[PDB]
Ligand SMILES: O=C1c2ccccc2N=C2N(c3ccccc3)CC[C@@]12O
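Listed next as structure tokens is one chain, alone, in the form solved without the named molecule.
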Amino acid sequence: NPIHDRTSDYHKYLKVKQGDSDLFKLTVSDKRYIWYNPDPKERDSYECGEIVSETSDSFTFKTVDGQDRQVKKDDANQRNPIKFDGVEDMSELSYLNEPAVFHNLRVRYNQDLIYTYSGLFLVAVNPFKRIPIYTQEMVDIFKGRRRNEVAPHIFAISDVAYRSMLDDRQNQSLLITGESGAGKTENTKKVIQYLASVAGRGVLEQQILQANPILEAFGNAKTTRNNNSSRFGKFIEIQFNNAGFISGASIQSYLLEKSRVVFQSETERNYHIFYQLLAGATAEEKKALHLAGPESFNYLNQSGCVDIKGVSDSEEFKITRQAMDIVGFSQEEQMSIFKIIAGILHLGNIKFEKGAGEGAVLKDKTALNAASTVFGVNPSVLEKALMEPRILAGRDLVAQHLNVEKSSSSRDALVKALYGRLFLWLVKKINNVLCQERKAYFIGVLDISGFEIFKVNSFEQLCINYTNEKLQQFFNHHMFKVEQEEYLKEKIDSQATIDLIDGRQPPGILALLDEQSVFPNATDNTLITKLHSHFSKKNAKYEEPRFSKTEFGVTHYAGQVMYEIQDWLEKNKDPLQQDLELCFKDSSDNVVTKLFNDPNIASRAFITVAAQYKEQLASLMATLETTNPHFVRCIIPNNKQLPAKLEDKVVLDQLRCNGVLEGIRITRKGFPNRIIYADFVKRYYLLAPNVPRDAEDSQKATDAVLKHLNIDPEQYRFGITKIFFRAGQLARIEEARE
């Protein structure tokens, strides 16, 4: 029994090592410390300082250097007694300050303990190295175990959700968010792995599992923050029958980063699939596809990075091709997907030349003709449609000769649509396979980024941020109720931001954006002007910059984020020349024809991108609203992708943005420590005369100690089953003499 075998890997990897004694006495000391900022400028970097004295109003402590300082008791960040170092739930700490929180988190990480709870949340720190806690043997141990019974772990939250599902007959949700590279997908895959094991019986399970890899090849890429970043968000519905067995699955994708297909920053890569293809394609497939090295392609030859360390695109291509096979994609299907990938590479190879007049021309039909063949479309129609699209100018339909820039840009537009569309198609194709109309229950997993606050924030960041204001409010509401429940079981702000963004009347940012969208001739300037006009000095969550003329700022949950308006008009419309669609609709390819002839794929509805985003977010929320949710906050330890490197600033910032610290401060004001009578006595019986560790009237005994100690009744609160302590209370208690 691993949970009991102190020699087990379980103990080794998941628990703080346990000695031979329980004795309260070991932990005895007389020293008292505070967490202080040695450099007031750098407030997230703190040092421990012993309190050498005290006044009625302050504290006087000694620094590392032996430098004495004074602090207000109220501004003091007192350090919890050493015994608290490493607890599995921050909700267990007595002093709940920010430094204290990071500390516990750090003590744990120092021991390779990546999972820690914070009340309702499961905090997970990226180890940046392998930890063998995900083996089948690991899985088997979590089965049926209460949260309190076992150590913190993703498998643990997953078990709770499945048991709740079965016991409450209620659907469930796991929300996993955090920065790029923080480890979301990793945890996501574990949740599924675990579910499949605990509820599976396999063929479906297989196909389910195999879906991921497909999604990864097409929607994942190498960025500066992660070698395998998911450039899209997702919602995974794991379906079950009334018996508790997996019946199916459904996938919902969002915000795919199409842009990446025609452009990548230095060092980054295009989607993994491009490379897998280039590498593991048979030599006899290459020729059929007019393939070469990535170096030979405009879309792959520009970041100065075509491969990933510790990664074989060919080996991976095998992997992908297998999954497709398992899922059920016909060879013919597979072909076409590759052809598309191919065509896309060819399209980017097209060189627009425009010297003849002021309209572009094609001196070389090579690339062009390559695209056409693989697409199974006409080169002449493609050609025209690209540089001479007929545009409706009133009553007349006239073909316009496009310049070079415009020409290239349309070609790019074509490529992005191909991709985005193919992506949708795959998702669709997969759901068909695993998805159930008639399902009894479900467990859903949402994996997407948390707030994004980059150097430069564009339309996509507004969107993601918007989603996050909603998730945060959901958490907040959910937290409110359950807190009340518990306080009830025992005898014991985002609206404004959301409105500014999605409001109808008065119109919010998105409504103004849609409005400007109707006008062919509107510009970024008209748009940014309209926005300031309506909110500058008028809406409290908005800010007009002192000097930039292309940006505006939104005060979010996370804090202020400054956005830039470039291309928002275009992005909202996501325009594609009709001649283009025309061209592609006749496609000899059975896969191509769908992308264009299927209204479910080829069109949004009439609605704009923003309108579609709002809608999907609402359906999402709605659904979530019907489940019992679970929250996992994935934390990146540093920005270097290194182990044993947990940077306070890096960390603190995420804890502030993600709601963990907020949940704490809040709880901090209440009665944060809620202990079970038996457990209380066991550890502190010694504090009072006449109390045996094992006492049948735990509540009475509890009262004994408190009474003996002469604690202030305002500080503690008798619950039907637990004793509730205000902040600092347990600490001093702990700090008492045997």
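Numbers for residues come from their place in the sequence shown, where the first is 1.
The same protein has a further form, the form solved in complex with the named molecule, not shown here; the description that follows concerns it.
Would you say the site is open or blocked once the named molecule, modelled from its placement in the entry with it bound, is overlaid by superposing the surrounding C-alphas? Use blocked for 3 or more ligand atoms within 2.4 Å of a backbone or C-beta atom. Blocked: when the named molecule is placed as it sits in the entry with it bound, 3 or more of its atoms come within 2.4 Å of backbone or C-beta atoms.
Please identify, from 615 to 623, 361 to 369, 549 to 557, 73 to 81, the stretch that has a heavy atom within 4.5 Å of the named molecule in the entry with it bound. So the stretch in question is 615 to 623.
Only one of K594, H630, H290, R231 comes within 4.5 Å of the named molecule in the entry with it bound by heavy atoms, so just point that one out. Here the answer is residue option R231.
Which pick from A611, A100, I448, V262 sits with a heavy atom within 4.5 Å of the named molecule in the entry with it bound? Residue within 4.5 Å of the partner: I448.
Residue-level contact is defined here as any heavy atom of the residue lying within 4.5 Å of the named molecule in the entry with it bound; does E237 satisfy this criterion? Because no heavy atom of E237 falls inside 4.5 Å of the named molecule in the entry with it bound, the answer is no.
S158 versus the named molecule, in the entry with it bound: is there a non-hydrogen atom within 4.5 Å? So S158 does not count as contacting the named molecule.
Give a yes/no on whether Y254 approaches the named molecule to within 4.5 Å in the entry with it bound, heavy atoms considered. Output for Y254 is yes: heavy atoms within 4.5 Å of the named molecule.
Interface membership of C463, the named molecule in the entry with it bound, 4.5 Å heavy atom rule: Contact with the named molecule, yes.
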